[PDB]
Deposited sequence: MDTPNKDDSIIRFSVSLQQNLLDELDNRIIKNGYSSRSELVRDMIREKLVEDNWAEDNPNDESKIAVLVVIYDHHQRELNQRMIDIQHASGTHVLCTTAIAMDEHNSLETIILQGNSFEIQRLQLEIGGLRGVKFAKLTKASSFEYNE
């Protein structure tokens, strides 16, 4: 009784790229590709109280009103210590921000997920320097 189904929810842009990759790489279903991705990513981590330096890279829609304020509210309410943020415009729609910060594993993970979840944020990717 070893095969189960579990649901996955994808934003449409990601789902469209997944479908294109299934076609380009000769997979026969979304289920097959995702399954293989999971198998692969495993081969390729405990959170702790130790202070670490980290960088969060965020790409966001700079026309989204109040988005910067929300990010600031999250940064200030997080237990992390943000050293600095730097932001540049990529194009007429998007900006890229790098946030350099220090905190423990729990605090930094939470910040990444809170920012990543905001409407208008295209992604929030973390680099940890432990």
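Annotation: deposited residues 1-7, 52-56, 143-148 are not represented by C-alpha coordinates in the model.
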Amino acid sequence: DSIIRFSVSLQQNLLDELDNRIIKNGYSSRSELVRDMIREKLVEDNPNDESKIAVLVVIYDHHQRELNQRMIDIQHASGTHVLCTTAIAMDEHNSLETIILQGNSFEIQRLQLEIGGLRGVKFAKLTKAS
From here on, numbers count along this sequence of modelled residues.
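When the C-alpha B-factors of 65-73 and 35-43 are averaged, 35-43 comes out higher. Legend: mean Cα B-factor per stretch from the PDB entry, 10-18 versus 115-123; the higher mean is in 10-18. Highest C-alpha temperature factor among 85, 48, 95, 102 per the entry: 48.
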